[PDB]
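> Would you mind keeping the following structure in view while I ask a few things?
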Protein chains: 2
Amino acid sequence: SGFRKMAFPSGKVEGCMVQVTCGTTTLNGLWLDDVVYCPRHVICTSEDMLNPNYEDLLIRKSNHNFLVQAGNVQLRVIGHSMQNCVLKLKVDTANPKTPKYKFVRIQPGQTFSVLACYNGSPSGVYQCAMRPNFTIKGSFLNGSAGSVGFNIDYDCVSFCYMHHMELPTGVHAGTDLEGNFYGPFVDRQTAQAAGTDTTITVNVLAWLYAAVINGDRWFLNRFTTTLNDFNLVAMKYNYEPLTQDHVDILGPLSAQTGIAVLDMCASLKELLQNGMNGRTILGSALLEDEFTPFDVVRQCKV
Amino acid sequence: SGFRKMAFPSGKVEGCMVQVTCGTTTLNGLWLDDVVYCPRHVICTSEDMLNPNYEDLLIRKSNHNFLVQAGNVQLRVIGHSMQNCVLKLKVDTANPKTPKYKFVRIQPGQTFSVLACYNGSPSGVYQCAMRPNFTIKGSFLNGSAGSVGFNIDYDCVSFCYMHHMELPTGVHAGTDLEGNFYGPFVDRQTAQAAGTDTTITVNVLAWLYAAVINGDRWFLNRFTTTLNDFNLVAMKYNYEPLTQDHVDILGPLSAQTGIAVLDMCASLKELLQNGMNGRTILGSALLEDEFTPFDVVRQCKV
C-alpha cells in the first residue's frame, strides 16, 4: 500500500534528448527517427524576443547554423522547417534509440511526467497536470525549454508537452509536439498572464478514492447529494463542474470501494465547507488534484 | 521557478531490473555485471512466514530452482549465495547495460529515487527520504520487493535501498545492497513496529529556503537564535537536532537568499510555536521534511 506522486520511468525519453544551439542560444531538442523537434525561439537572439518575425528569422538561417549534439555525437542538420511554434530539424541520422511513440494533445486535468533537461542532458523527472487554465505548475530553470512531458503505455511513449516559457506568476506554458500552444499563450514577449485557475474536481474525487483504498476514510459520511447540489457548492469554491462523464469515469473506483460517486461528492462537499479540522488525507493537509482516476487505478492495481 | 518532488532520470537503473522466480514466488532483482541481487525471501513458501530459517530454505534450492528473466531473455543461474538478507545469483552473462555504480548505506534524513517495479518491469519513479525511524513512506504492492532506491552523481548510480516489506502501519522497510536492513526490522511476517518518527530539521530548513527562492517570504522575521537555543525548541517538538555541519550544508542556500541559517532557525521556531494560521508555504499546509539541502540546490541554483 501507500500512494505517491509517481512519474513514468524516463529511460525511453532520455535517449531522445539532444542539445540544439543557434548562435549563442541553446536549449533542448527531442530526436525521433531522423527529426529533431525544438522550440522555434532558439533562432532568436537578445535583440529578437520583442516581436520575432519567426518566418523571416528561419529563412535567413541555413542548416549549418543549427548545432545539434546528442551527447557528444554531432548530428548534421539537412533541413529545417516550421511546425507551428516548434521547429523540425531534419538530420542525416535516425535516432537508434527511438521508442515506439505518438504525439497526443492532452486535455486539462490530465497528468503526465516531465523530464527536465538542460543542455540536452536530463536532470530530473516529475509528475504534473495540465491545469484548467492551460498552464502547468512545473519546476524549470533557464535552459529547460525543449524539455518534454509524456505518458507511457506498454512501452509506447505518448509525448504531450514541450516546454517553452515561464509566465510572470512562475507557472509554465508550452506546446504539444505538433507545436500548438496549450492555452492562449504565444512565444513572444508580451504582458500575457495565466487566467484564473480552478481545482480539478474529478481528480480530487479520485484521490479520495485512493485514500479509501489505502485505509484512510475518516471523511466518509452518511450524506448523499445530487449532482447539481454538489456542483453549486463546487462553483462557490472554484472547483470545476463534475459531469456525468466524470461520474462514469469514477465507476471502477466506486465499484472497488463500494462508495457511490455521489456519496464521495457529499464527502468532498463537507471537506470544502468545514475543512479538515487538523486532519490529513494520504499525508496531505490540503485536497490534492493532480491524480487522475487512471493514475489511482494504475498505482493501486486491484 | 517552481518546486517539485523530483526523482533522478531512471534509465540507467531500468536497464538493470530483472525478474526472479522461485516456485510460485516472483519479485525483482538487480543485474549488475554477472550478478543478480534480490531479496532472500524469494525462496519462501507458505509455511515459512512466521520464522523462516533461511539457511535451511537456501540449502533446499539449486541454481535451476531460480528462474531469472531480463526482458525476454532467460538468464542461466550458474551460482547462488546469501549475504545477510539478499541473494547473489551468479549468471552466465554480464549485463551490457551495467552503469557505473556503487553501493552505499544512506544516512537517516537523506533522500533517494525509487524505481518501483513488478515482474522485472519498471512501473514508476518517485522520491523517498530515509526516515529517522528507518522506514520509508513509499508506494509498494505485492511483487515490488527487489525494487531499488538510488541517487545519481556524474553518471555514477549510487544504489542505497532494496525494498523488502511493508510494516503493519503501511510504511516500508528494506536493506542496503549488502542486505543489511535499515532499522531493527527482519524479513519475516511478525508483529514489528517502528519507533515514533521525528521530523528532519535540516530538511525543513532547506524547504523554507526553497520557499523563499520561490517568492514565499511571509514566515521570515528579525529574530535570530543560537544553535543551542533552537535545539531546545527542536527537542520539544520532536525535531532532530541541528548540527554545525547542517548549518554548513545550508550555506549555499543562505547565500542565494540572503537569510542567515540561524535566522531561518528563528523563523522555524516561530512556525512551530504558532503554526501557519491557514497560510501555505510552497503550496503546503504542513512543514515538509523530505527535501535535503542538495535536493533544493539541484532544483533552484541559478
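How things are named: the first chain in the C-alpha cells is A, the next is B, and so on; residues count from 1 in each chain; ligands count from 1 in the order shown.
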Can you check which residues of range 160-289 of chain A DSSP gives as strand (DSSP E or B) on the backbone and send them as a list in words?
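The residues of range 160-289 of chain A classed as strand (DSSP E or B) are residues 160, 161, 162, 163, 164, 165, 166, 172, 173, 174, 175, 181, 199, 239, 281 and 284 of chain A.
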> Please provide as a PyMOL selection string all residues within 12 Å of residue 253 in chain B, with the sequence filter that same-chain residues fewer than 5 positions apart are discarded (counting only C-alpha atoms).
chain B and resi 202-203+205-213+246-248+258-261+264+292-302
> Could you save the residues just selected, with N, CA, C and O atoms, as a compact mmCIF listing (two decimals), in the first residue's frame?

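Dumped everything to result.txt:
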```txt
# COMPACT_ATOMS: atom_id res chain seq x y z
N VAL B 202 16.97 19.69 9.37
CA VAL B 202 17.77 20.32 8.32
C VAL B 202 16.97 20.35 7.02
O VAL B 202 17.09 21.29 6.22
N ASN B 203 16.11 19.32 6.79
CA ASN B 203 15.35 19.32 5.55
C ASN B 203 14.21 20.32 5.57
O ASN B 203 13.91 20.94 4.55
N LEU B 205 14.39 23.17 7.05
CA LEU B 205 15.02 24.46 6.78
C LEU B 205 15.34 24.60 5.29
O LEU B 205 15.18 25.66 4.70
N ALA B 206 15.86 23.53 4.68
CA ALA B 206 16.09 23.54 3.22
C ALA B 206 14.84 23.91 2.45
O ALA B 206 14.88 24.70 1.49
N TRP B 207 13.71 23.35 2.84
CA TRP B 207 12.48 23.61 2.10
C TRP B 207 12.01 25.06 2.32
O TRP B 207 11.43 25.66 1.39
N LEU B 208 12.19 25.61 3.54
CA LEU B 208 11.86 27.01 3.77
C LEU B 208 12.70 27.86 2.82
O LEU B 208 12.21 28.88 2.29
N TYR B 209 13.98 27.52 2.67
CA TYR B 209 14.80 28.25 1.69
C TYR B 209 14.25 28.13 0.26
O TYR B 209 14.15 29.13 -0.48
N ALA B 210 13.83 26.92 -0.14
CA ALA B 210 13.15 26.75 -1.44
C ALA B 210 11.94 27.64 -1.54
O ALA B 210 11.68 28.25 -2.59
N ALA B 211 11.18 27.76 -0.45
CA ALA B 211 10.03 28.65 -0.50
C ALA B 211 10.48 30.08 -0.72
O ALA B 211 9.92 30.78 -1.56
N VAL B 212 11.53 30.52 -0.01
CA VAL B 212 11.95 31.93 -0.18
C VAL B 212 12.36 32.19 -1.62
O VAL B 212 12.03 33.26 -2.21
N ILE B 213 13.16 31.26 -2.19
CA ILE B 213 13.60 31.34 -3.58
C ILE B 213 12.42 31.43 -4.52
O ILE B 213 12.47 32.19 -5.50
N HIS B 246 25.05 20.60 9.66
CA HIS B 246 23.84 21.03 8.95
C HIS B 246 23.92 22.51 8.59
O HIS B 246 23.44 22.93 7.53
N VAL B 247 24.41 23.33 9.51
CA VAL B 247 24.48 24.77 9.21
C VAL B 247 25.38 25.02 7.99
O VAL B 247 25.08 25.85 7.11
N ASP B 248 26.52 24.33 7.94
CA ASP B 248 27.43 24.50 6.82
C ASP B 248 26.78 24.06 5.53
O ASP B 248 26.85 24.74 4.48
N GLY B 258 20.16 35.26 1.00
CA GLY B 258 20.48 36.35 1.93
C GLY B 258 19.98 36.16 3.37
O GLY B 258 20.21 37.06 4.21
N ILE B 259 19.33 35.05 3.67
CA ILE B 259 18.84 34.72 5.02
C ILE B 259 19.84 33.82 5.74
O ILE B 259 20.03 32.66 5.36
N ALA B 260 20.43 34.33 6.85
CA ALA B 260 21.37 33.54 7.64
C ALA B 260 20.68 32.30 8.21
O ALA B 260 19.47 32.31 8.47
N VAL B 261 21.42 31.18 8.28
CA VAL B 261 20.81 29.93 8.68
C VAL B 261 20.15 30.06 10.07
O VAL B 261 19.04 29.57 10.28
N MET B 264 16.90 31.66 9.75
CA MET B 264 15.87 30.73 9.34
C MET B 264 15.44 29.84 10.51
O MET B 264 14.28 29.41 10.57
N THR B 292 16.29 17.38 0.98
CA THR B 292 17.58 17.74 1.54
C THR B 292 18.05 19.09 1.01
O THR B 292 17.57 19.60 0.00
N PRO B 293 19.04 19.66 1.66
CA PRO B 293 19.68 20.86 1.09
C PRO B 293 20.14 20.66 -0.35
O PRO B 293 19.90 21.52 -1.22
N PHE B 294 20.74 19.50 -0.63
CA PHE B 294 21.22 19.20 -2.01
C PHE B 294 20.03 19.14 -2.97
O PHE B 294 20.16 19.62 -4.10
N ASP B 295 18.92 18.56 -2.52
CA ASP B 295 17.71 18.47 -3.37
C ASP B 295 17.27 19.88 -3.77
O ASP B 295 16.89 20.08 -4.93
N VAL B 296 17.29 20.81 -2.82
CA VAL B 296 16.82 22.19 -3.11
C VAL B 296 17.82 22.83 -4.08
O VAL B 296 17.37 23.44 -5.06
N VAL B 297 19.12 22.68 -3.83
CA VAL B 297 20.06 23.36 -4.71
C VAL B 297 19.99 22.80 -6.12
O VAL B 297 20.08 23.57 -7.08
N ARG B 298 19.73 21.49 -6.25
CA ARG B 298 19.61 20.83 -7.54
C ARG B 298 18.51 21.46 -8.40
O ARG B 298 18.64 21.52 -9.65
N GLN B 299 17.41 21.87 -7.79
CA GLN B 299 16.27 22.47 -8.50
C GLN B 299 16.27 23.99 -8.56
O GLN B 299 15.51 24.56 -9.36
N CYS B 300 17.03 24.67 -7.73
CA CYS B 300 16.89 26.10 -7.50
C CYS B 300 18.12 26.90 -7.88
O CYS B 300 17.98 28.10 -8.17
N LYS B 301 19.29 26.26 -7.95
CA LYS B 301 20.53 27.00 -8.15
C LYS B 301 20.51 27.65 -9.52
O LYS B 301 20.27 26.98 -10.52
N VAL B 302 20.74 28.96 -9.55
CA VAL B 302 20.84 29.76 -10.76
C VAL B 302 21.99 29.29 -11.65
O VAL B 302 23.15 29.35 -11.23
```
> Need the shell around residue 113 in chain A: protein/DNA/RNA residues with any atom at most 8 Å away, counting only C-alpha atoms. Skip same-chain ones fewer than 6 positions apart. Format as a list in words?
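So the residues in contact are residues 7, 8, 125, 126, 127, 128, 149, 150 and 151 of chain A.
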> Counting only C-alpha atoms, which residues of chain A come no farther than 6 Å from chain B, as a PyMOL selection string?
chain A and resi 1-4+6-11+124-126+138-140+170+285
> Extract, using only C-alpha atoms, all DNA, RNA and protein residues at most 10 Å from range 53-70 of chain A, discarding same-chain residues fewer than 4 positions from it, and format them as an mmCIF file with N, CA, C and O atoms, in the first residue's frame.

```cif
data_model
loop_
_atom_site.group_PDB
_atom_site.id
_atom_site.type_symbol
_atom_site.label_atom_id
_atom_site.label_comp_id
_atom_site.auth_asym_id
_atom_site.auth_seq_id
_atom_site.Cartn_x
_atom_site.Cartn_y
_atom_site.Cartn_z
ATOM 1 N N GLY A 15 16.899 8.740 -23.991
ATOM 2 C CA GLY A 15 17.743 8.513 -25.168
ATOM 3 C C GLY A 15 17.319 9.338 -26.372
ATOM 4 O O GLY A 15 17.896 9.190 -27.453
ATOM 5 N N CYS A 16 16.318 10.214 -26.213
ATOM 6 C CA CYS A 16 15.852 11.093 -27.288
ATOM 7 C C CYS A 16 16.253 12.541 -27.081
ATOM 8 O O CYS A 16 16.015 13.373 -27.991
ATOM 9 N N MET A 17 16.816 12.884 -25.912
ATOM 10 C CA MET A 17 17.171 14.281 -25.658
ATOM 11 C C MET A 17 18.498 14.663 -26.283
ATOM 12 O O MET A 17 19.469 13.914 -26.231
ATOM 13 N N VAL A 18 18.520 15.851 -26.911
ATOM 14 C CA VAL A 18 19.688 16.407 -27.597
ATOM 15 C C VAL A 18 19.760 17.893 -27.244
ATOM 16 O O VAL A 18 18.819 18.471 -26.666
ATOM 17 N N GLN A 19 20.902 18.480 -27.539
ATOM 18 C CA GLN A 19 21.138 19.897 -27.336
ATOM 19 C C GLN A 19 21.031 20.585 -28.700
ATOM 20 O O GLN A 19 21.594 20.090 -29.679
ATOM 21 N N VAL A 20 20.264 21.667 -28.786
ATOM 22 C CA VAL A 20 20.200 22.449 -30.030
ATOM 23 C C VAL A 20 20.743 23.831 -29.746
ATOM 24 O O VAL A 20 20.298 24.496 -28.797
ATOM 25 N N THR A 21 21.690 24.266 -30.575
ATOM 26 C CA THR A 21 22.298 25.573 -30.437
ATOM 27 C C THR A 21 22.204 26.330 -31.741
ATOM 28 O O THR A 21 22.670 25.841 -32.785
ATOM 29 N N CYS A 22 21.682 27.554 -31.644
ATOM 30 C CA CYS A 22 21.667 28.505 -32.794
ATOM 31 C C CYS A 22 22.374 29.828 -32.312
ATOM 32 O O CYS A 22 21.892 30.656 -31.445
ATOM 33 N N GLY A 23 23.623 29.987 -32.751
ATOM 34 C CA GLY A 23 24.423 31.114 -32.324
ATOM 35 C C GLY A 23 24.846 30.942 -30.875
ATOM 36 O O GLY A 23 25.601 30.012 -30.548
ATOM 37 N N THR A 26 21.004 28.242 -26.616
ATOM 38 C CA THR A 26 20.950 26.788 -26.562
ATOM 39 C C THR A 26 19.742 26.342 -25.762
ATOM 40 O O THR A 26 19.441 26.897 -24.700
ATOM 41 N N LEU A 27 19.091 25.290 -26.240
ATOM 42 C CA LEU A 27 18.026 24.684 -25.474
ATOM 43 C C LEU A 27 18.019 23.188 -25.833
ATOM 44 O O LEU A 27 18.981 22.679 -26.459
ATOM 45 N N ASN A 28 16.946 22.506 -25.462
ATOM 46 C CA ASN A 28 16.826 21.061 -25.652
ATOM 47 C C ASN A 28 16.015 20.738 -26.884
ATOM 48 O O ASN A 28 15.082 21.459 -27.242
ATOM 49 N N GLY A 29 16.326 19.603 -27.491
ATOM 50 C CA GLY A 29 15.507 19.084 -28.560
ATOM 51 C C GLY A 29 15.167 17.611 -28.325
ATOM 52 O O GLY A 29 15.775 16.932 -27.479
ATOM 53 N N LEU A 30 14.199 17.131 -29.107
ATOM 54 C CA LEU A 30 13.660 15.763 -28.992
ATOM 55 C C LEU A 30 13.938 15.092 -30.342
ATOM 56 O O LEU A 30 13.429 15.547 -31.381
ATOM 57 N N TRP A 31 14.750 14.065 -30.327
ATOM 58 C CA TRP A 31 15.297 13.430 -31.533
ATOM 59 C C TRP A 31 14.558 12.090 -31.700
ATOM 60 O O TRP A 31 14.825 11.133 -30.953
ATOM 61 N N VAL A 36 14.692 16.277 -35.376
ATOM 62 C CA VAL A 36 14.864 16.873 -34.045
ATOM 63 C C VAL A 36 13.837 17.999 -33.896
ATOM 64 O O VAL A 36 13.791 18.926 -34.721
ATOM 65 N N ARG A 40 10.771 26.978 -31.447
ATOM 66 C CA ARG A 40 11.338 27.828 -32.500
ATOM 67 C C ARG A 40 12.090 29.052 -31.970
ATOM 68 O O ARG A 40 12.877 29.637 -32.724
ATOM 69 N N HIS A 41 11.878 29.441 -30.709
ATOM 70 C CA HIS A 41 12.582 30.620 -30.157
ATOM 71 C C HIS A 41 14.099 30.405 -30.006
ATOM 72 O O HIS A 41 14.818 31.403 -29.785
ATOM 73 N N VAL A 42 14.611 29.201 -30.308
ATOM 74 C CA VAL A 42 16.072 29.007 -30.419
ATOM 75 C C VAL A 42 16.697 29.894 -31.498
ATOM 76 O O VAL A 42 17.852 30.314 -31.351
ATOM 77 N N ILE A 43 15.946 30.269 -32.548
ATOM 78 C CA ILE A 43 16.528 31.111 -33.600
ATOM 79 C C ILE A 43 16.496 32.584 -33.265
ATOM 80 O O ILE A 43 16.912 33.400 -34.092
ATOM 81 N N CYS A 44 16.032 32.959 -32.083
ATOM 82 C CA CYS A 44 16.160 34.358 -31.680
ATOM 83 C C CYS A 44 17.493 34.592 -30.962
ATOM 84 O O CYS A 44 18.100 33.667 -30.412
ATOM 85 N N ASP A 48 15.823 40.037 -30.462
ATOM 86 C CA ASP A 48 14.754 39.422 -31.241
ATOM 87 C C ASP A 48 13.505 39.007 -30.459
ATOM 88 O O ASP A 48 12.466 38.833 -31.106
ATOM 89 N N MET A 49 13.569 38.906 -29.132
ATOM 90 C CA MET A 49 12.418 38.353 -28.363
ATOM 91 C C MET A 49 11.260 39.351 -28.222
ATOM 92 O O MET A 49 10.243 38.964 -27.626
ATOM 93 N N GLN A 74 27.771 14.591 -32.929
ATOM 94 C CA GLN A 74 27.280 15.746 -33.662
ATOM 95 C C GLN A 74 26.327 15.285 -34.752
ATOM 96 O O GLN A 74 26.696 14.452 -35.578
ATOM 97 N N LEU A 75 25.125 15.842 -34.784
ATOM 98 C CA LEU A 75 24.144 15.478 -35.804
ATOM 99 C C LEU A 75 24.106 16.556 -36.868
ATOM 100 O O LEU A 75 23.825 17.724 -36.569
ATOM 101 N N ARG A 76 24.275 16.159 -38.099
ATOM 102 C CA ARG A 76 24.282 17.167 -39.143
ATOM 103 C C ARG A 76 22.843 17.484 -39.549
ATOM 104 O O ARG A 76 22.053 16.582 -39.857
ATOM 105 N N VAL A 77 22.501 18.759 -39.564
ATOM 106 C CA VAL A 77 21.156 19.160 -39.949
ATOM 107 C C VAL A 77 21.070 19.269 -41.478
ATOM 108 O O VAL A 77 21.962 19.828 -42.135
ATOM 109 N N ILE A 78 20.042 18.655 -42.078
ATOM 110 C CA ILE A 78 19.936 18.702 -43.537
ATOM 111 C C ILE A 78 18.613 19.300 -44.002
ATOM 112 O O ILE A 78 18.327 19.314 -45.196
ATOM 113 N N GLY A 79 17.806 19.813 -43.087
ATOM 114 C CA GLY A 79 16.648 20.581 -43.490
ATOM 115 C C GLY A 79 16.080 21.234 -42.254
ATOM 116 O O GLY A 79 16.273 20.709 -41.133
ATOM 117 N N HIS A 80 15.403 22.376 -42.403
ATOM 118 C CA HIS A 80 14.754 22.968 -41.216
ATOM 119 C C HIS A 80 13.408 23.550 -41.645
ATOM 120 O O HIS A 80 13.322 24.202 -42.695
ATOM 121 N N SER A 81 12.350 23.269 -40.869
ATOM 122 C CA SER A 81 11.037 23.714 -41.300
ATOM 123 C C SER A 81 10.186 24.079 -40.104
ATOM 124 O O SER A 81 10.350 23.539 -38.998
ATOM 125 N N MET A 82 9.260 24.989 -40.338
ATOM 126 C CA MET A 82 8.407 25.467 -39.255
ATOM 127 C C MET A 82 7.316 24.413 -38.977
ATOM 128 O O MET A 82 6.751 23.830 -39.920
ATOM 129 N N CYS A 85 4.633 26.385 -33.578
ATOM 130 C CA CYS A 85 5.624 27.046 -32.720
ATOM 131 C C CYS A 85 6.847 26.179 -32.357
ATOM 132 O O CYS A 85 7.640 26.596 -31.512
ATOM 133 N N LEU A 87 10.224 23.819 -34.223
ATOM 134 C CA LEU A 87 10.980 23.567 -35.449
ATOM 135 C C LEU A 87 11.143 22.059 -35.597
ATOM 136 O O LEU A 87 11.264 21.347 -34.585
ATOM 137 N N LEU A 89 13.925 19.894 -37.287
ATOM 138 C CA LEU A 89 15.242 19.882 -37.904
ATOM 139 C C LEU A 89 15.480 18.469 -38.417
ATOM 140 O O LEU A 89 15.622 17.514 -37.625
ATOM 141 N N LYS A 90 15.482 18.329 -39.729
ATOM 142 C CA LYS A 90 15.814 17.049 -40.315
ATOM 143 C C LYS A 90 17.317 16.820 -40.196
ATOM 144 O O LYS A 90 18.124 17.730 -40.440
ATOM 145 N N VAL A 91 17.703 15.613 -39.772
ATOM 146 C CA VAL A 91 19.114 15.296 -39.594
ATOM 147 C C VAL A 91 19.403 14.034 -40.391
ATOM 148 O O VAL A 91 18.487 13.308 -40.804
ATOM 149 N N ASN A 95 17.657 8.361 -34.962
ATOM 150 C CA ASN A 95 17.990 8.009 -33.599
ATOM 151 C C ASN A 95 17.881 6.495 -33.418
ATOM 152 O O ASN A 95 16.796 5.948 -33.610
ATOM 153 N N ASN A 119 20.870 21.698 -21.463
ATOM 154 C CA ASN A 119 21.979 21.414 -22.376
ATOM 155 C C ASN A 119 21.893 19.996 -22.977
ATOM 156 O O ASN A 119 22.914 19.313 -23.159
ATOM 157 N N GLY A 120 20.679 19.573 -23.291
ATOM 158 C CA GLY A 120 20.436 18.247 -23.847
ATOM 159 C C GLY A 120 20.647 17.108 -22.861
ATOM 160 O O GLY A 120 20.610 15.929 -23.251
ATOM 161 N N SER A 121 20.865 17.425 -21.590
ATOM 162 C CA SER A 121 21.107 16.389 -20.548
ATOM 163 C C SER A 121 19.991 16.310 -19.493
ATOM 164 O O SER A 121 19.717 17.297 -18.785
ATOM 165 N N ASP A 187 4.716 32.671 -28.178
ATOM 166 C CA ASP A 187 6.159 32.596 -27.922
ATOM 167 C C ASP A 187 6.821 33.914 -28.289
ATOM 168 O O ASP A 187 7.740 34.005 -29.111
ATOM 169 N N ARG A 188 6.325 34.946 -27.617
ATOM 170 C CA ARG A 188 6.794 36.321 -27.759
ATOM 171 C C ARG A 188 6.798 36.956 -26.379
ATOM 172 O O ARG A 188 6.133 36.480 -25.450
#
```
> Quick one: residues within 9 Å of residue 190 in chain B, only C-alpha atoms, excluding same-chain residues fewer than 4 positions away - as a ChimeraX atom specification?
/B:49-51,186
> Export, as a compact mmCIF listing (two decimals), in the first residue's frame, the selected residues with N, CA and C atoms.

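Saved as selection-v2.txt:
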```txt
# COMPACT_ATOMS: atom_id res chain seq x y z
N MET B 49 6.62 -18.26 6.70
CA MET B 49 6.45 -16.81 7.01
C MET B 49 6.74 -16.36 8.45
N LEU B 50 6.34 -17.12 9.46
CA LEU B 50 6.42 -16.64 10.84
C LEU B 50 7.87 -16.64 11.34
N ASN B 51 8.61 -17.72 11.10
CA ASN B 51 10.03 -17.79 11.43
C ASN B 51 10.73 -18.66 10.41
N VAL B 186 13.22 -7.21 10.41
CA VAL B 186 13.66 -8.54 9.96
C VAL B 186 12.64 -9.00 8.94
```
> What does the Cα RMSD come to when chain A is optimally superposed on chain B over every C-alpha atom in order?
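In short, the RMSD is 0.7 Å.
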> So that I can see what lies close to residue 158 in chain B, please list as an NGL selection string the residues with an atom at most 8 Å from it, counting only C-alpha atoms and leaving out residues fewer than 2 positions away in the same chain.
:B and (101-104 or 150-153 or 156 or 160)
> Given the selection you just returned, output its residues as a file containing C-alpha atoms, formatted as an mmCIF file, in the first residue's frame.

```cif
data_model
loop_
_atom_site.group_PDB
_atom_site.id
_atom_site.type_symbol
_atom_site.label_atom_id
_atom_site.label_comp_id
_atom_site.auth_asym_id
_atom_site.auth_seq_id
_atom_site.Cartn_x
_atom_site.Cartn_y
_atom_site.Cartn_z
ATOM 1 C CA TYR B 101 27.788 2.278 -9.922
ATOM 2 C CA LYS B 102 28.484 1.928 -6.228
ATOM 3 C CA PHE B 103 26.662 0.507 -3.188
ATOM 4 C CA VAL B 104 26.227 2.971 -0.310
ATOM 5 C CA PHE B 150 19.332 5.234 -5.804
ATOM 6 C CA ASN B 151 20.953 8.613 -6.373
ATOM 7 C CA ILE B 152 22.950 9.570 -9.482
ATOM 8 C CA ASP B 153 26.036 11.785 -9.499
ATOM 9 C CA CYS B 156 27.543 7.081 -11.283
ATOM 10 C CA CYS B 160 21.228 2.716 -1.419
#
```
> Counting only C-alpha atoms, which of A:147, A:238, A:244, A:135 gets nearest to residue 38 in chain A?
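Once distances to residue 38 in chain A are computed over only C-alpha atoms, the minimum belongs to A:147.
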> For the helix (DSSP H, G or I) assignment from backbone DSSP, which residues of range 180-287 of chain B qualify? Please present them as number ranges by chain.
B: 201-213, 227-236, 244-257, 261-274
> Please produce a file of those selected residues containing C-alpha atoms, as a PDB file, in the first residue's frame.

```pdb
ATOM      1  CA  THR B 201      15.018  19.606  10.851  1.00  0.00           C
ATOM      2  CA  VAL B 202      17.767  20.319   8.321  1.00  0.00           C
ATOM      3  CA  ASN B 203      15.347  19.320   5.554  1.00  0.00           C
ATOM      4  CA  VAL B 204      12.545  21.569   6.771  1.00  0.00           C
ATOM      5  CA  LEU B 205      15.024  24.462   6.781  1.00  0.00           C
ATOM      6  CA  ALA B 206      16.088  23.540   3.224  1.00  0.00           C
ATOM      7  CA  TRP B 207      12.483  23.612   2.098  1.00  0.00           C
ATOM      8  CA  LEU B 208      11.859  27.006   3.767  1.00  0.00           C
ATOM      9  CA  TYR B 209      14.802  28.254   1.688  1.00  0.00           C
ATOM     10  CA  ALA B 210      13.153  26.745  -1.436  1.00  0.00           C
ATOM     11  CA  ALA B 211      10.031  28.646  -0.496  1.00  0.00           C
ATOM     12  CA  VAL B 212      11.954  31.930  -0.180  1.00  0.00           C
ATOM     13  CA  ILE B 213      13.602  31.340  -3.584  1.00  0.00           C
ATOM     14  CA  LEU B 227      22.096  26.853  17.690  1.00  0.00           C
ATOM     15  CA  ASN B 228      21.849  25.831  21.310  1.00  0.00           C
ATOM     16  CA  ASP B 229      18.530  27.647  21.937  1.00  0.00           C
ATOM     17  CA  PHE B 230      16.949  26.433  18.742  1.00  0.00           C
ATOM     18  CA  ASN B 231      17.893  22.808  19.555  1.00  0.00           C
ATOM     19  CA  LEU B 232      15.986  23.117  22.854  1.00  0.00           C
ATOM     20  CA  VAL B 233      12.900  24.103  20.855  1.00  0.00           C
ATOM     21  CA  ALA B 234      13.501  21.317  18.310  1.00  0.00           C
ATOM     22  CA  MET B 235      13.730  18.687  21.075  1.00  0.00           C
ATOM     23  CA  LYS B 236      10.362  19.957  22.448  1.00  0.00           C
ATOM     24  CA  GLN B 244      27.014  22.788  12.911  1.00  0.00           C
ATOM     25  CA  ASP B 245      27.502  20.556   9.874  1.00  0.00           C
ATOM     26  CA  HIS B 246      23.844  21.029   8.952  1.00  0.00           C
ATOM     27  CA  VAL B 247      24.479  24.772   9.209  1.00  0.00           C
ATOM     28  CA  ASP B 248      27.435  24.498   6.819  1.00  0.00           C
ATOM     29  CA  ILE B 249      25.446  22.427   4.381  1.00  0.00           C
ATOM     30  CA  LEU B 250      22.731  25.064   4.315  1.00  0.00           C
ATOM     31  CA  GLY B 251      25.259  27.867   3.474  1.00  0.00           C
ATOM     32  CA  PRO B 252      24.712  27.750  -0.308  1.00  0.00           C
ATOM     33  CA  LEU B 253      21.019  28.317   0.256  1.00  0.00           C
ATOM     34  CA  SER B 254      21.722  31.102   2.810  1.00  0.00           C
ATOM     35  CA  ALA B 255      23.984  32.582   0.142  1.00  0.00           C
ATOM     36  CA  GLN B 256      21.362  32.550  -2.622  1.00  0.00           C
ATOM     37  CA  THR B 257      18.597  34.000  -0.409  1.00  0.00           C
ATOM     38  CA  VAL B 261      20.808  29.932   8.677  1.00  0.00           C
ATOM     39  CA  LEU B 262      20.222  30.840  12.354  1.00  0.00           C
ATOM     40  CA  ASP B 263      17.667  33.452  11.226  1.00  0.00           C
ATOM     41  CA  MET B 264      15.874  30.729   9.335  1.00  0.00           C
ATOM     42  CA  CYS B 265      16.020  28.690  12.568  1.00  0.00           C
ATOM     43  CA  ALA B 266      14.327  31.604  14.351  1.00  0.00           C
ATOM     44  CA  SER B 267      11.655  31.532  11.652  1.00  0.00           C
ATOM     45  CA  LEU B 268      11.128  27.768  12.058  1.00  0.00           C
ATOM     46  CA  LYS B 269      10.859  28.228  15.836  1.00  0.00           C
ATOM     47  CA  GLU B 270       8.061  30.796  15.338  1.00  0.00           C
ATOM     48  CA  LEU B 271       6.406  28.473  12.812  1.00  0.00           C
ATOM     49  CA  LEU B 272       6.416  25.604  15.338  1.00  0.00           C
ATOM     50  CA  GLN B 273       5.117  27.736  18.223  1.00  0.00           C
ATOM     51  CA  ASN B 274       2.332  29.473  16.211  1.00  0.00           C
TER      52      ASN B 274
END
```
> In Å, rounded to a single decimal, give me how far CA of residue 289 in chain A is from CA of residue 241 in chain A.
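Rounded to one decimal, the two atoms are 13.7 Å apart.
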> What gap, in Å, lies between CA of residue 35 in chain B and CA of residue 86 in chain B?
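Going from CA of residue 35 in chain B over to CA of residue 86 in chain B covers 11.9 Å.
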> What separation in Å, quoted to one decimal, exists between CA of residue 37 in chain A and CA of residue 94 in chain A?
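Rounded to one decimal, the two atoms are 13.1 Å apart.
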> List the neighbours of residue 177 in chain B out to 7 Å using only C-alpha atoms; skip same-chain residues closer than 2 positions along the sequence, and give me the result as a ChimeraX atom specification.
/B:103,159-162,175,179
